[PDB]
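**Q** File run_12.pdb below, PDB, C-alpha atoms:
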ATOM      1  CA  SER A   1       0.122  -3.093   3.739  1.00  0.00           C
ATOM      2  CA  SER A   2      -2.346  -5.873   4.635  1.00  0.00           C
ATOM      3  CA  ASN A   3      -5.205  -5.749   2.099  1.00  0.00           C
ATOM      4  CA  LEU A   4      -6.050  -5.497  -1.623  1.00  0.00           C
ATOM      5  CA  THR A   5      -5.465  -8.480  -3.942  1.00  0.00           C
ATOM      6  CA  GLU A   6      -4.893  -9.453  -7.596  1.00  0.00           C
ATOM      7  CA  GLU A   7      -8.190  -8.324  -9.168  1.00  0.00           C
ATOM      8  CA  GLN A   8      -7.942  -5.179  -7.009  1.00  0.00           C
ATOM      9  CA  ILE A   9      -4.610  -4.106  -8.545  1.00  0.00           C
ATOM     10  CA  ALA A  10      -6.156  -4.820 -11.967  1.00  0.00           C
ATOM     11  CA  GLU A  11      -8.909  -2.182 -11.663  1.00  0.00           C
ATOM     12  CA  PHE A  12      -6.187   0.162 -10.352  1.00  0.00           C
ATOM     13  CA  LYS A  13      -3.977  -0.319 -13.436  1.00  0.00           C
ATOM     14  CA  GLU A  14      -6.798   0.557 -15.862  1.00  0.00           C
ATOM     15  CA  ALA A  15      -7.475   3.710 -13.810  1.00  0.00           C
ATOM     16  CA  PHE A  16      -3.902   4.953 -13.247  1.00  0.00           C
ATOM     17  CA  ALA A  17      -3.089   4.185 -16.905  1.00  0.00           C
ATOM     18  CA  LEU A  18      -6.409   5.774 -17.948  1.00  0.00           C
ATOM     19  CA  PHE A  19      -4.720   9.144 -17.298  1.00  0.00           C
ATOM     20  CA  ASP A  20      -1.144   8.034 -18.070  1.00  0.00           C
ATOM     21  CA  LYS A  21      -0.496  10.214 -21.143  1.00  0.00           C
ATOM     22  CA  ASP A  22       2.999   8.823 -21.826  1.00  0.00           C
ATOM     23  CA  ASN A  23       1.253   5.437 -21.494  1.00  0.00           C
ATOM     24  CA  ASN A  24       4.532   4.139 -20.015  1.00  0.00           C
ATOM     25  CA  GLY A  25       2.956   3.472 -16.595  1.00  0.00           C
ATOM     26  CA  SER A  26       3.350   6.898 -14.945  1.00  0.00           C
ATOM     27  CA  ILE A  27       0.929   9.793 -14.320  1.00  0.00           C
ATOM     28  CA  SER A  28       1.215  13.322 -12.881  1.00  0.00           C
ATOM     29  CA  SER A  29      -0.004  14.068  -9.334  1.00  0.00           C
ATOM     30  CA  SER A  30      -2.913  16.109 -10.747  1.00  0.00           C
ATOM     31  CA  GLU A  31      -3.914  12.864 -12.506  1.00  0.00           C
ATOM     32  CA  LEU A  32      -3.387  10.656  -9.430  1.00  0.00           C
ATOM     33  CA  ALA A  33      -6.193  12.477  -7.581  1.00  0.00           C
ATOM     34  CA  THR A  34      -8.564  11.410 -10.380  1.00  0.00           C
ATOM     35  CA  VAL A  35      -7.623   7.710 -10.586  1.00  0.00           C
ATOM     36  CA  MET A  36      -7.972   7.860  -6.784  1.00  0.00           C
ATOM     37  CA  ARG A  37     -11.687   8.772  -6.689  1.00  0.00           C
ATOM     38  CA  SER A  38     -12.193   6.781  -9.918  1.00  0.00           C
ATOM     39  CA  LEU A  39     -11.494   3.475  -8.133  1.00  0.00           C
ATOM     40  CA  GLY A  40     -14.478   4.169  -5.844  1.00  0.00           C
ATOM     41  CA  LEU A  41     -13.091   6.233  -2.940  1.00  0.00           C
ATOM     42  CA  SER A  42     -12.962   9.884  -1.814  1.00  0.00           C
ATOM     43  CA  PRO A  43     -10.542  11.003   0.899  1.00  0.00           C
ATOM     44  CA  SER A  44     -10.247  14.614   2.128  1.00  0.00           C
ATOM     45  CA  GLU A  45      -7.789  17.501   1.641  1.00  0.00           C
ATOM     46  CA  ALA A  46      -5.751  16.576   4.741  1.00  0.00           C
ATOM     47  CA  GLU A  47      -5.609  12.969   3.482  1.00  0.00           C
ATOM     48  CA  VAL A  48      -4.238  14.285   0.164  1.00  0.00           C
ATOM     49  CA  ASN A  49      -1.501  16.382   1.818  1.00  0.00           C
ATOM     50  CA  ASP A  50      -0.082  13.284   3.553  1.00  0.00           C
ATOM     51  CA  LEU A  51      -0.597  11.119   0.444  1.00  0.00           C
ATOM     52  CA  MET A  52       1.463  13.553  -1.667  1.00  0.00           C
ATOM     53  CA  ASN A  53       4.073  14.429   0.987  1.00  0.00           C
ATOM     54  CA  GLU A  54       4.773  10.670   0.986  1.00  0.00           C
ATOM     55  CA  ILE A  55       5.651  10.837  -2.733  1.00  0.00           C
ATOM     56  CA  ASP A  56       5.662  14.437  -4.024  1.00  0.00           C
ATOM     57  CA  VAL A  57       9.289  15.644  -4.140  1.00  0.00           C
ATOM     58  CA  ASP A  58       8.456  19.341  -4.648  1.00  0.00           C
ATOM     59  CA  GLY A  59       5.894  20.634  -7.173  1.00  0.00           C
ATOM     60  CA  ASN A  60       5.241  18.404 -10.209  1.00  0.00           C
ATOM     61  CA  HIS A  61       6.525  14.866 -10.882  1.00  0.00           C
ATOM     62  CA  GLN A  62       5.801  11.616 -12.762  1.00  0.00           C
ATOM     63  CA  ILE A  63       3.959   9.187 -10.455  1.00  0.00           C
ATOM     64  CA  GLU A  64       4.383   5.435 -11.055  1.00  0.00           C
ATOM     65  CA  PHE A  65       1.510   2.915 -10.935  1.00  0.00           C
ATOM     66  CA  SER A  66       3.771   0.974  -8.540  1.00  0.00           C
ATOM     67  CA  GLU A  67       4.578   3.454  -5.743  1.00  0.00           C
ATOM     68  CA  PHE A  68       1.082   4.858  -6.397  1.00  0.00           C
ATOM     69  CA  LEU A  69      -0.662   1.728  -5.061  1.00  0.00           C
ATOM     70  CA  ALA A  70       2.295   0.594  -2.919  1.00  0.00           C
ATOM     71  CA  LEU A  71       1.481   3.687  -0.825  1.00  0.00           C
ATOM     72  CA  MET A  72      -2.251   4.271  -1.420  1.00  0.00           C
ATOM     73  CA  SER A  73      -2.663   1.074   0.639  1.00  0.00           C
ATOM     74  CA  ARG A  74      -1.849   3.282   3.652  1.00  0.00           C
ATOM     75  CA  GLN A  75      -5.288   4.922   3.312  1.00  0.00           C
ATOM     76  CA  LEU A  76      -7.762   3.044   1.081  1.00  0.00           C
ATOM     77  CA  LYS A  77     -11.396   2.487   2.133  1.00  0.00           C
TER      78      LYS A  77
END
Show me the file's structure as structure tokens.
**A**
Amino acid sequence: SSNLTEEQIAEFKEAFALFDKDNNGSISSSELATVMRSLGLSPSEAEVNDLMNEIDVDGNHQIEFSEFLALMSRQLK
């Protein structure tokens, strides 16, 4: 991961947490797709399949703001 910075992660936290019901710092995949386009981007279906397969363990799960960005950096802008 060679990009992004401090301020960048900031805007990401507000987004990811914006849909984090538990408010503990974790959101559901269905919510990750939103925070994704909310930051100012818009990948494609194929891009989503790989993005989830790199984190999704089966069907539903609790995503973490950490791994969320720690991986999103593999396909951002």
**Q** Given the choices A:49, A:5, A:16, A:72, which gets closest to residue 28 of chain A if the distance is worked out from all atoms listed in the file?
**A** A:16
**Q** Could you list, as a list in words, every residue within 7 Å of segment 31-44 of chain A, counting only C-alpha atoms and ignoring same-chain residues fewer than 5 positions away?
**A**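 Listed by chain and then number, they are residues 12, 15, 16, 19 and 77 of chain A.
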**Q** Out of A:47, A:74, A:13, A:6, which residue has the shortest atom-to-atom distance to residue 26 of chain A when counting all atoms listed in the file?
**A**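 Closest residue, counting all atoms listed in the file: A:13.
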**Q** Give me the result of the PyMOL selection byres ((chain A and resi 71) around 10) on this file, residue by residue, as a ChimeraX atom specification.
**A** /A:1,51-52,54-55,66-70,72-76
**Q** What is the atom CA of residue 7 of chain A-atom CA of residue 45 of chain A distance in Å, reported with one decimal?
**A**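 So the answer is 28.0 Å.
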**Q** When you count all atoms listed in the file, which of these residues is closest to residue 65 of chain A: A:18, A:4, A:10, A:27?
**A** A:27
**Q** Using all atoms listed in the file, pick whichever of A:58, A:3, A:53, A:64 has the shortest atom-to-atom distance to residue 17 of chain A.
**A**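 Smallest separation from residue 17 of chain A among the options: A:64.
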**Q** What is the distance, in Å and to one decimal place, between atom CA of residue 48 of chain A and atom CA of residue 29 of chain A?
**A**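 Interatomic distance here is 10.4 Å.
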**Q** How many Å lie between atom CA of residue 14 of chain A and atom CA of residue 30 of chain A, rounded to one decimal?
**A** 16.8 Å
**Q** Please define a box with edges along x, y and z of the file around all atoms of segment 31-48 of chain A given in the file, extend it by 8 Å on each side, and return its centre and edge lengths in Å to one decimal, as AutoDock Vina command-line options.
**A**
--center_x -8.9 --center_y 10.5 --center_z -3.9 --size_x 27.1 --size_y 30.0 --size_z 33.2
